[PDB]
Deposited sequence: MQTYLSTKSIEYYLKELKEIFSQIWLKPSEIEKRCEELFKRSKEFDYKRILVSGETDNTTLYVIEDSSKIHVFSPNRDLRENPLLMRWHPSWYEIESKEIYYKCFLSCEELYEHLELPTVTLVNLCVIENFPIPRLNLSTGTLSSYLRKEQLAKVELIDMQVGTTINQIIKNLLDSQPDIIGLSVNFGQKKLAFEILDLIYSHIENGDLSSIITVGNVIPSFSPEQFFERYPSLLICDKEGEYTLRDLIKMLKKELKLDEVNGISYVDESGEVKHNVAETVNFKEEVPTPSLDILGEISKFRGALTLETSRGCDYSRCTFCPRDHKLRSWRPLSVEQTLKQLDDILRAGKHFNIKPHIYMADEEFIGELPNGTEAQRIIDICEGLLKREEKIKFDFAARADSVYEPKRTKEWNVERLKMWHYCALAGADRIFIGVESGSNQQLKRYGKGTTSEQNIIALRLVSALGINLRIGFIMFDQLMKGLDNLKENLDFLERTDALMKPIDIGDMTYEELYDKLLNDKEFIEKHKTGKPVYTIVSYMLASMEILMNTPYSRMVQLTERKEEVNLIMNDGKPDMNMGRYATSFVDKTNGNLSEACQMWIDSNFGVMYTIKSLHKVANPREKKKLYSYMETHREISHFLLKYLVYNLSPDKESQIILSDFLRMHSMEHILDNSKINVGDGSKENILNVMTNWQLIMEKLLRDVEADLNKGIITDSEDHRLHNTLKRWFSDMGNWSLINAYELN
């Protein structure tokens, strides 16, 4: 009945617009819509597809199948196309409904396997969830291709191991997948143990696979305990597509995209992974978990590109994330952002997107990457409500003197468009302020280039954070630390938001690079270390990095053992434990870790109180955090001074101590032993005591308010009693 068809499509379009509902809830509303007339009886229904291609099949029986596609021309349906590549007329108006009569094989295509994907989480360490793209994009890929019914389970929202197993027994999946991230080995093994014990009991029958970086990097530890396990080495989309084909006996195991496995002869095999056509095959992440994420005050995410076109930083392994850059189209980027924002608004989640991209800006062979960003920004600026979004970028995505002035001026224009469209907290992978160390890091940048990048981005009103790895194991002598400290103390890098007014981009660019009076007029006066993400950080050497091979090459070249655990990496953390080739630098790195450990409880408590404090207490608690960061920066300057004094550092340290009334602060000069370094740090810790005595007095005076369990009182009391104790 054509009147009922129109009514059914219109009602389905309204049902399918609720893209946060899980497919079972969508199906419930579809059953209630089709049971609303006794003038139609059916045997079963199936919903597949997603967002703008969601599709309902009403199976009257296997010989009469109705198909409704309210959001897209049915001729583009991939399931129907696999069943019959010429079922439709190439020249007709778009069709949104079709009844298929006596199409026996079509029923088999509609018997979709079930795939359950589980995101693991150690909720103690990560209490605030973010939309999980690892599983969300695998789900949406499979739904859009109409390859499987997908169930999503996310431990971020509190689902326990026993609730996962209960869920699996109820859903009876054909494929179970776990996303296994840093620190999740023990959780993964516990869940896998229970999965296989229930397979053994006849309660489950499933292909089991694990993915993400931890099993990809260390498969042997997984194969040793679970010999039949299949590991997804890189992207999961085509892997899951091919496991579904293998389920149907349409592929052999040695044909499945991008997996590692133990074959019949007990040998580990690897299958080639074809890089996913991300541009157009991976839609909006599935939003099944979003409602629960909003209850935990969680965050929206999106990945608008995959990979890094640079891929040369020596500490950044590329084997899992790959060495080429694959962007979403502009149109698709804007559609997916619209979807996530609309769904977030339904749950009152604030319109703040955390971009997952390793490289948001990218590089294209035709050189149009900046225009792509400007087009995305122009699309965001057409929206009715403003948004904010965060992303990461290299310093040379801002400023690159090896490129023409015209390229850099167009780059500044692009960054301005990012600011206009809502770019908020941007992370720049500076990593070092020492030209030698930058080269050991494979960053390709100079110290001065990093300063200028920060100047340009901050002048646009964007709110920067930088990565900074102060210590690295191959550093010889103290020169690179002195260079780093000098860089971090520069006050000519961070600019206030500059009113562009009637300046051209070229005028703004020229003034920020060359006009010393202009830079002075507009600086915030804050040193670079104020935007460092993690102070006093030391290099953590991951598996499969150029830096690990540089260390292994130094072990041979200088006949010294640097990689502990008998050269073996940690499977759970995907990284080596490595000593420093320069024992003094190793001692300085160790002391800085002990400094961090010694302040962690009190500073964690101050940070926790700050999140929920009134405006006046918020500023007081923030001032403690600023002072702590300052004391932590000049701790290292003080340690280096006591090993290698110079007059310039003597003045700076004396000025700082005088500003804090600690000029008095059994110390050997030039002595790099652990014992002397600890004695020096015990002395500097008296400055931290001075800060915490102000915190203590403010707490006692009622100027700041403690938590209900008296956490600040308790951690302060312990801190004072632990002074000069190190471990």
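task = Extract from the deposited sequence all ranges with no corresponding C-alpha coordinates, numbering residues from 1.
result = Gaps in the modelled chain, taken against the deposited sequence, lie at 1 to 5, 671 to 674, 737 to 744.
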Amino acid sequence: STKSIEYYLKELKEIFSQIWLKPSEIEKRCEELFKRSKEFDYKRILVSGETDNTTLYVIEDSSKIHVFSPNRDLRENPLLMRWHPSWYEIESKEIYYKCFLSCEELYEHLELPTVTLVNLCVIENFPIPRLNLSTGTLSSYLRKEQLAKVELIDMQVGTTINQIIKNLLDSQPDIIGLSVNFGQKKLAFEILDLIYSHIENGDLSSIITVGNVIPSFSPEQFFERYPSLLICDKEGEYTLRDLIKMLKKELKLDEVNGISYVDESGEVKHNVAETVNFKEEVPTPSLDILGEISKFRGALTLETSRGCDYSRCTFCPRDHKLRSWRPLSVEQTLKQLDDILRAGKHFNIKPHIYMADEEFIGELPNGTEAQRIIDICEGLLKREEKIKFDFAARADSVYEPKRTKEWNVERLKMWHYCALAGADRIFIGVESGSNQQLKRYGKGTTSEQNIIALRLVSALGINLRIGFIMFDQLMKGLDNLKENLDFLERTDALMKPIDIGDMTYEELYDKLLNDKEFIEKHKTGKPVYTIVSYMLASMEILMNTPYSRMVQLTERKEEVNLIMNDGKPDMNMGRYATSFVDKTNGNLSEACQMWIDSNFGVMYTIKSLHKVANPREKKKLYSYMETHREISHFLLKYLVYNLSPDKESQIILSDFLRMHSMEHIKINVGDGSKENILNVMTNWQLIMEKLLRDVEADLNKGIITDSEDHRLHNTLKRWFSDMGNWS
From here on, numbers count along this sequence of modelled residues.
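query = Hey, which bit's got the bigger mean C-alpha B factor in the entry, 457 to 465 or 216 to 224?
reply = Stretch with the higher mean C-alpha B-factor: 216 to 224.
key: Segment of higher mean CA temperature factor, 261 to 269 or 480 to 488   = The stretch with the larger average C-alpha B-factor is 261 to 269.
ask   = Out of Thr55, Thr51, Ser62, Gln685, which shows the largest CA B-factor listed in the entry?
value = Each of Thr55, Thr51, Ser62, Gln685 was compared by C-alpha B-factor; the highest is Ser62.
request  = Go through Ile387, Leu657, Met246, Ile176 one by one and give the residue whose Cα B-factor in the PDB entry is largest.
outcome  = The record points to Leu657.
request  = Quick one: classify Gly136 as lowest, middle or highest third of the chain based on its Cα B-factor.
outcome  = For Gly136, whose C-alpha B-factor we compare with every modelled residue in the chain, the answer is the lowest third.
ask   = By the record's CA B-factor, is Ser598 among the lowest, middle or highest third of residues in the chain?
value = Ranked within chain, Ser598 CA B lands in the middle tercile.
inquiry  = Ranking every modelled residue in this chain by its Cα temperature factor as given in the entry, which third contains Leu120?
reply    = Middle third by C-alpha B-factor.
inquiry  = By the recorded C-alpha temperature factor, relative to the other modelled residues in its chain, which third is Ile15 in?
reply    = Within its chain, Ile15 is a lowest-third residue by C-alpha B-factor, going by the deposited values.
query = How does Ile361 rank on Cα B-factor within its chain, lowest, middle or highest third?
reply = Lowest third.
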